[PDB]
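Asks: I would like the atomic coordinates for the input below:
(chains A and B)
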Amino acid sequence: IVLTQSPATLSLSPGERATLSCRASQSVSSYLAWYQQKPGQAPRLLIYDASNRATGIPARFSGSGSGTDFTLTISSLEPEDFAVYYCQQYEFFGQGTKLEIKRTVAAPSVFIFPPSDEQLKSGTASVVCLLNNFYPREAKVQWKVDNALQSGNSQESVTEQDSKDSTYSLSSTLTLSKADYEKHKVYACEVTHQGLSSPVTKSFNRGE
Amino acid sequence: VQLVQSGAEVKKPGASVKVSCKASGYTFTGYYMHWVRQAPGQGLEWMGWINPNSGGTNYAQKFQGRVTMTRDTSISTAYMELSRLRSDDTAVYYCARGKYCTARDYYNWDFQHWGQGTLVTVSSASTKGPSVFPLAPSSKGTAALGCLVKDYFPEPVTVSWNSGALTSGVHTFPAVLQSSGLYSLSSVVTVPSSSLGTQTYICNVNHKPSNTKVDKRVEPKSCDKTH
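Replies: Numbering: from 1, shown residues only, chains lettered A, B, ... in the order given. Structure as follows:
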């Protein structure tokens, strides 16, 4: 048996009604719990035994369903309700639904940083590209070194959605040997995002 | 009800780890204690339960033969020991108390009370403090500047700016795990370009697992300086 939650991500504005689904791949029980989890916190029990609100949980939360189809409904979202939600029965957890805040589209502000002189002293060069305060979360970074598209040599990470402005930020690091870095001149990161009518490229010339 | 777990662990592949969960505010023997783990950025995974009255247990098939749960009723503490550790075991481990008394003989799988979690990192890597490199201000509009906190192990590190005095526009990113087995993260801040001539920027980095603390000045490049 598997518990399947949908949607994977639900994007709604505060005040709207949220409906989250949890479907069991086979009948396991009509007991089902829902949990809420915020970043860096333990999960919190919201609904128990399918349809009961846990203590201290506000009335806007309700659960329903039986058999293999269950639903968590939040009548009208409050700011504190944006979080990840998991369903569970016996040993089984669903994979989670991320309930995120929908806000106006915001293009990233893009910045590029050369390797520091300090770092270069040690054989490695890291080039960093920052995409700042954008929405929605989906964004693409492409690195170019002397106009050659890079692959296989970068890593990135994305912040949790900001609790105050509802944006995301992203950091990408291109890793090169110091020799390769000193060998080439033009370093560029090209960013694609819904908020940009065409890709933006931030660049620098090494040594200049 | 309070559940309070032991502190973070770091282990080599093949080793074992034993996490504790001290319970208070209720009758310890009266309720099942479960363990649930979560790998960084991944979902919840149930590991097993123990009946603290009888000491009876039941484990997820994934961990059968490899996990042992025990308790000491004398000190209201439950334990989860996981052996033959592998890097895939890196996760936050939680204890959670079932909602209903065992005596009710009812559904024992509502996880009502949770401990704060215990990070266990499993890796062939060894504990190491970070190198902190400046990410120099991007303009002589808005400028970005930051610190690259590179090649440390294990998680976590904390970063502030100007001893906590500068919070607007700061982003400290989730670390990435490099192919080398060491972590790296960037912390950046956006600031008005006009402030670069006069305002000092220092990133304060603290990596408790190595008792390392570094305050790094981030200044404009020499070619961008005016004094």
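Asks: pretty sure residue B:136 is touching residue A:116, no?
Replies: Yes: between residue B:136 and residue A:116 there is a contact at 6.9 Å, judged by C-beta atoms under 8 Å. Where C-beta positions appear, they are placed from N, C-alpha and C, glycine not excepted.
Asks: what is the most centrally placed residue in chain B paired to in the beta sheet?
Replies: Most central in chain B under C-alpha atoms, centre = their mean is residue B:119, positioned 5.0 Å from the mean C-alpha point. Taking DSSP bridges as the rule, residue B:119 bridges to residue B:92.
Asks: just checking, it touches residue B:92?
Replies: Yes: with contact defined as C-beta under 8 Å, residue B:119 counts as touching residue B:92 (5.3 Å).
Asks: common neighbours of these two, please.
Replies: Residues touching both residue B:119 and residue B:92 (C-beta atoms under 8 Å, 6 or more residues apart in numbering or on different chains): there are none.
Asks: which residue ranges make up each domain of chain B?
Replies: B:1-124, B:125-227 (curated CATH domains).
Asks: whether the last one contacts chain A - can you check?
Replies: What that stands for is domain B:125-227. Yes: if you take C-beta under 8 Å from any C-beta of the partner chain as the test, domain B:125-227 does meet chain A, through B:131, B:133-136, B:138, B:142-144, B:146, B:148, B:150, B:171, B:173-176, B:178, B:184-186, B:188, B:190.
Asks: those residues, buried ones only, as a PyMOL selection?
Replies: Command for PyMOL that selects the buried part of those, burial taken from 16 or more other C-beta atoms under 10 Å in any protein chain shown:
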select buried, chain B and resi 131+133+134+135+136+138+143+144+146+148+150+171+173+174+175+176+184+185+186+188+190
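Asks: in helices, which of the residues of domain B:125-227 next to chain A appear?
Replies: Counting by DSSP state H, no part of the residues of domain B:125-227 next to chain A is found in helices.
Asks: how about the domains of chain B, which one is nearest residue A:149?
Replies: Nearest of those to residue A:149, taken as C-beta to C-beta: domain B:125-227 at 20.7 Å.
Asks: the closest one: end-to-end distance?
Replies: 44 Å (C-alpha to C-alpha, to the nearest Å).
Asks: over to stretch A:44-52?
Replies: OK, stretch A:44-52 end separation, C-alpha to C-alpha: 14 Å.
Asks: list the contacts of residue 102.
Replies: Looking at chain A here, since you left the chain open. Contacts of residue A:102 by C-beta under 8 Å, 6+ apart are A:11-13.
Asks: my question was about chain B, not that one.
Replies: Counting by C-beta under 8 Å, 6+ apart, residue B:102 makes contact with B:30-32, B:51, B:53, B:108.
Asks: break chain A down into its structural domains.
Replies: According to curated CATH domains, the domains of chain A span A:1-103, A:104-208.
Asks: ok, now which ones touch residue A:109?
Replies: Listed by C-beta under 8 Å, 6+ apart, the contact set of residue A:109 reads A:131-133, B:142, B:144, B:190.
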